[PDB]
Amino acid sequence: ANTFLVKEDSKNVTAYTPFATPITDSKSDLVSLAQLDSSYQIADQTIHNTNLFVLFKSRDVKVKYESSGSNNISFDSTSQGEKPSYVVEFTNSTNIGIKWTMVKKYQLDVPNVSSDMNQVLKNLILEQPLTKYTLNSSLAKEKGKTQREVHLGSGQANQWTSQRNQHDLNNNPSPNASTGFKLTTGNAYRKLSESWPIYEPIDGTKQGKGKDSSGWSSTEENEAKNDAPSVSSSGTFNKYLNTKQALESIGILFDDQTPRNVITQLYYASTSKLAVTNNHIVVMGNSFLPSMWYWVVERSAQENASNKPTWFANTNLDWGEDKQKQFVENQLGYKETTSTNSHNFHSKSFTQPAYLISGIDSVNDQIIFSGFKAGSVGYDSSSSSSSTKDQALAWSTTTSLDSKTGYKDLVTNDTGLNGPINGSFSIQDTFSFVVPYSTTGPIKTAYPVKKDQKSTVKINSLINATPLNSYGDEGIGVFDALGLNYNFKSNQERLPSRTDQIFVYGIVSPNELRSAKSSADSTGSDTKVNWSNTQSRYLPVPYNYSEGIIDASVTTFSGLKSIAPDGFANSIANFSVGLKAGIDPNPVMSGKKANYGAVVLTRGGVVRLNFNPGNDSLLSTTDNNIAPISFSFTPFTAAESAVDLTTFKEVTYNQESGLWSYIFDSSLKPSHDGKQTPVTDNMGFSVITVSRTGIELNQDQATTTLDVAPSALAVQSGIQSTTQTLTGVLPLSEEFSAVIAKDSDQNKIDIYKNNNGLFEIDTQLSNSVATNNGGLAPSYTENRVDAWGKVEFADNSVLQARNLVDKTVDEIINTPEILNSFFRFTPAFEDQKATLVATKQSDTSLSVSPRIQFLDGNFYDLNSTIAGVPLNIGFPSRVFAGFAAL
Ligand SMILES: OC[C@H]1O[C@@H](O)[C@H](O)[C@@H](O)[C@@H]1O
Ligand SMILES: [K+]
């Protein structure tokens with residue numbers, strides 16, 4: 001397709017030429033054409049093999065979770081909420097213009113619930129979602145019991161050394177290590193059948209009700225409402241933010257002022273992104289809410305099937321080592337043959353149940369994904385003298401200082417594997433949050449349930465709204481979240497978490513997508529998928545997005561000062577958006593296959609994912625000292641960091657340039673603040689351009705293997721505005737972009753020109769391109785250097801003067817270099833090219849008409865079409881006469 005598809009609104013897609021003009025009648029209500037009702041909106045769209053695949057979801061959708069029976073998750077079929085999300089394949093049925101017709105329609109059904117799964121879902125609890133306005137202090141949660149309070153009691157670290165052997169804690173130096181955080185204050189935690197509030201606590205260390213749902217609605221909700229009342233009032237906001245409009249902006253659904261139940265929000269968020277292969281449609285969730293499931297649709301699915309989603313809790317990833325998997329699985333909750341009705345994901349042999357998915361794409365017949373591990377830990381829901389009551393069980397898993405430095409060794413270090421170990425330690429006359437070693441034998445970690453309460457205790461599963469496991473308001477949590485934990489060695493290597501701020505990526509083969517479909521369709525007990533072409537990576541938020549961190553008074557989440565420039569009030573929770581794959585246009589040594597990669601934005605930088613196209617694997621190298629070479633992180637400068645990542649609108653890739661274009665649109669900002677103040681900086685847009693860097697695979701015998709990861713560079717391109725409403729950005733070429741925007745209520749075309757890496761508006765080219773006189777393409781004027789340069793034809797007297805009269809028309813016509821001498825071209829931009837096309841008119845004469853490059857690098861002439869429609873640009877023709885018939 002010689003066209004650009006532009007989503008004009010939530011229902012309509014219009015086809016645009018490279019001249020930034022709409023193809024007449026191309027505008028299509030794809031919702032109406034999918035035979036869906038007006039409550040449906042376009043979530044995402046992609047081209048595969050010339051057909052258009054669109055993901056729809058409905059603002060009317062209602063889902064319920066019933067703890068008993070066994071079709072536990074269903075749509076609310078009463079009223080009008082039986083509104084599943086749909087993928088639709090459209091094909092263009094005309095050779096002239098655009099007429100979308102529906103080919104195939106696929107319903108995304110609610111997930112199956114096994115007996116085993118439903119025992120976990122029963123007491124599953126989920127944090128209220130993170131917004132734009134969530135503060136470091138909002139996330140902060142009350143520090144839980146120490147490891148020795150849980151095990152021994154109110155009863156002294158004098159008896160810590162005598163006793164740690166009777167509680168499986170041999171040689172453990174960390175009696176004062178935290179066992180997690182309290183669920184009586186903080187961000188609201190709610191079951192699948194409950195609703196999140198519109199209120200966020202300013203200090204979650206004091207003002208939340210956490211999971212104390214019943215406390216919230218009888219006591220604290222009234223307080224929050226009087227403090228933080230929705231705009232018509234104006235309130236004090238001493239204690240609570242009100243983020244209703246910010247919740248709406250991230251796809252939270254509402255019955256008036258009340259958010260719909262969690263299961264509804266999960267389903268609605270879960271149908272956000274699609275990708276398409278020869279055999280499959282894959283649907284995944286957005287970067288804003290955790291998702292617990294994803295669809296694998298078989299494109300052959302009969303004309304009307306219910307395509308079942310696969311649980312992530314049934315989807316085993318390779319985390320890079322078996323050990324990196326154990327760290328995640330051990331902190332999911334208490335496993336035990338001995339305990340009763342104590343059901344969590346770990347105890348029921350499930351794996352990591354939730355991700356904050358960056359996006360999904362396809363290259364060749366492979367699916368590529370990335371996301372953040374959503375924090376998931378056990379909590380103690382006991383009712384009576386249980387010490388950890390109403391407490392989440394979570395702990396830093398950050399590698400000790402003594403660890404073998406060399407990635408393999410850093411990430412497989414035993415520190416905090418089975419339970420708590422870090423807090424604070426003064427070695428010599430200096431200090432560390434990290435345990436200084438990994439004596440009388442090997443150091444032991446144990447799960448913070450004391451031996452006696454082993455058979456009585458109720459440890460259930462929760463899911464956090466961010467990539468942090470541990471919200472506890474201690475020093476280590478800040479250092480875990482911000483990447484500040486360093487060894488004291490030679491080359492001073494950074495010590496990673498493997499539970500907090502963990503990024504996940506992979507490539508998924510068609511067989512691997514087939515097992516997921518088989519897991520989703522499992523009768524009875526849960527079937528499992530293994531995805532083996534996957535990795536994880538400790539990816540903290542840049543420490544320089546915070547201020548005033550003490551060391552040389554220890555700062556925790558409740559006092560940590562955000563200066564985060566990227567649209568988030570918080571400086572501790574990482575975020576990712578716009579994963580996108582592309583084939584490298586740069587040739588490879590022959591007998592090897594084309595290179596491909598993907599990129600994704602995270603807070604403070606771009607990540608490059610590197611694949612080996614030989615066998616559609618993660619790129620790797622033989623040495624385990626150097627870090628999985630499938631991942632590279634390049635930090636942003638100030639200009640990239642100033643971009644509000646919550647305004648991400650779309651990402652395209654151009655195979656000719658080998659460049660990614662990330663579009664940001666400020667109209668996506670919410671109407672109002674957490675203080676209910678109208679947001680006024682919602683005008684404008686921004687483009688970030690991503691390019692590959694480093695030595696790429698298979699250039700020459702030398703680079704058949706690599707021991708340095710290819711990476712990417714994100715550059716705020718110069719294409720931005722604080723004044724215009726965006727309609728679209730057309731990346732015509734590496735040298736040019738067209739922006740369609742409105743100042744008033746009509747669409748204006750701006751041409752941005754790339755000057756040595758920086759895009760600048762070119763007002764003369766803009767005026768040339770915009771002067772199309774209501775046609776599809778820029779006008780042509782003889783006397784003007786316009787979008788088409790300027791052509792001056794030689795006079796007819798050049799034939800006689802050059803003794804070309806002694807040549808025939810047929811000779812001249814088969815000598816392109818003679819007929820390049822019948823004009824002088826002035827280019828409008830450097831290296832714009834032009835040739836003359838010749839036509840015999842008689843035995844003695846011919847005409848010539850120019851063929852001229854536009855900004856896209858394509859040649860146009862009298863016969864040019866877009867979508868089969870003649871452009872009728874207005875190129876001249878010139879007769880030359882007096883040639884011989886020899
Ligand atoms: O158990 C920890 C203790 O080890 C002993 O050898 C020292 O007396 C203390 O300085 C230290 O706090
Ligand atoms: K011209």
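For reference, positions follow the sequence shown, starting with 1.
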Under 3.5 Å: donor-acceptor pair, side chain of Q724, backbone of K742:
no
Do the ring centers of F793 and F822 come within less than 6.0 Å of each other?
no
Below 30° counts as parallel, above 60° as perpendicular, anything between as tilted: where do the rings of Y653 and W660 land?
tilted
Name every donor-acceptor pair, under 3.5 Å, that has one atom in a side chain of residues 362-369 and the other anywhere in the protein, sequence neighbours excluded.
unit_1 : atom_1 : unit_2 : atom_2 : d
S362   : OG     : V276   : O      : 2.5
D365   : OD1    : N278   : N      : 2.9

Say whether, by atom type as modelled, one donor and one acceptor occur between the side chain of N307 and the main chain of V297 under 3.5 angstrom.
no
Between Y106 and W295, ring centroids under 6.0 Å:
no
Ignoring hydrogens and angles, tell me if any N or O in the side chain of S845 forms a donor-acceptor pair with the backbone of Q841 under 3.5 Å.
no
Between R692 and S711, is the side chain to side chain donor-acceptor pair (under 3.5 Å) condition met? List the steps.
CA-CA 6 Å; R692 309 178 158 81; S711 61; over 6 Å; no
Going by distance alone, is a donor N or O of one side chain under 3.5 Å from an acceptor N or O of the other, for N49 and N51?
no
Sort and list the pairs that fulfil ring-ring contact (aromatic ring centres under 6.0 Å, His included) and have at least one residue in residues 749-774, not counting sequence neighbours.
none
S666 backbone acceptor or donor facing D644 side chain under 3.5 Å
no
Taking salt bridge (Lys or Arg N to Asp or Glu O under 4.0 Å) as the test, write out the residues that go with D750, two or more places apart.
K748
Could you go through residues 29-41 and list every donor-acceptor pair under 3.5 Å that involves a side-chain atom there, pairing it with any protein atom two or more places apart or in another chain?
unit_1 : atom_1 : unit_2 : atom_2 : d
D29    : OD1    : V31    : N      : 3.1
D29    : OD1    : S32    : N      : 3.0
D37    : OD1    : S39    : N      : 3.2
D37    : OD1    : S39    : OG     : 2.8
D37    : OD1    : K83    : NZ     : 3.4
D37    : OD2    : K83    : NZ     : 2.6
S39    : OG     : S58    : OG     : 2.5
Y40    : OH     : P84    : O      : 2.6
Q41    : OE1    : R59    : NH1    : 2.8

With under 30° as parallel and over 60° as perpendicular, where do the rings of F90 and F56 fit, or are they tilted in between?
perpendicular
Decide yes or no on side chain to side chain donor-acceptor pair (under 3.5 Å) for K57 and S272, but give the supporting numbers first.
CA-CA 8 Å; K57 63 204 226 171; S272 291; 2.8 Å; yes
Should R299 and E89 be marked as a salt bridge (charged side-chain N to carboxylate O under 4.0 Å, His left out) after you check the CA-CA gap, both sets of side-chain angles, and the distance that decides it?
CA-CA 10 Å; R299 292 187 52 193; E89 184 181 357; 3.5 Å; yes
Which residues share a side chain to side chain donor-acceptor pair (under 3.5 Å) with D665, sequence neighbours left out
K649, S667
Where the side chain of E640 meets the backbone of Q716, is there a donor-acceptor pair that is under 3.5 Å apart?
yes
Counting only heavy atoms not in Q655, do more than 12 sit closer than 6.0 Å to its CD atom?
yes
If you apply the rule side chain to side chain donor-acceptor pair (under 3.5 Å), what do you find for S721 with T723, and how did you get there?
CA-CA 6 Å; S721 176; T723 58; 3.2 Å; yes
Could you pull out all residues at least two apart from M589 that satisfy side-chain contact (heavy atoms from CB on, under 4.5 Å)?
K592, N698, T704
Taking atom types as modelled, is there a side-chain donor on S93 or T101 under 3.5 Å from an acceptor on the other?
no
List the residues meeting side chain to side chain donor-acceptor pair (under 3.5 Å) with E734, not counting sequence neighbours, and say none if there are none.
none
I761, CD1: over 12 other non-hydrogen atoms inside 6.0 angstrom:
yes
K807: salt bridge (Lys or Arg N to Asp or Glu O under 4.0 Å) partners, not counting sequence neighbours:
none
Please answer whether the main-chain N or O of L758 pairs with a side-chain N or O of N755 as donor and acceptor at a distance below 3.5 Å.
no
Mind checking whether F611 and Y596 have parallel, tilted or perpendicular rings, split at 30° and 60°?
parallel
Return the orientation label for the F823 and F825 ring planes: parallel under 30°, perpendicular over 60°, tilted otherwise.
tilted
How would you list all residue pairs meeting ring-ring contact (aromatic ring centres under 6.0 Å, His included) that involve residues 714-750, not counting sequence neighbours?
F736-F829
With side-chain contact (heavy atoms from CB on, under 4.5 Å) as the test, would you mind laying out the steps for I281 and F53 before giving the verdict?
CA-CA 9 Å; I281 299 162; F53 296 79; 4.2 Å; yes
Go through the steps for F664 and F685 under the test ring-ring contact (aromatic ring centres under 6.0 Å, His included), then give the verdict.
CA-CA 5 Å; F664 302 85; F685 61 86; over 10 Å; no
Ignoring hydrogens and angles, tell me if any N or O in the side chain of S847 forms a donor-acceptor pair with the backbone of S877 under 3.5 Å.
no
So, using side chain to side chain donor-acceptor pair (under 3.5 Å) as the criterion, who are the partners of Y86 when residues are at least two apart?
none
Under the side chain to side chain donor-acceptor pair (under 3.5 Å) test, which residues partner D806, sequence neighbours left out?
none
Which residues pass the salt bridge (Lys or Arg N to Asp or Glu O under 4.0 Å) test with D616, sequence neighbours left out?
none
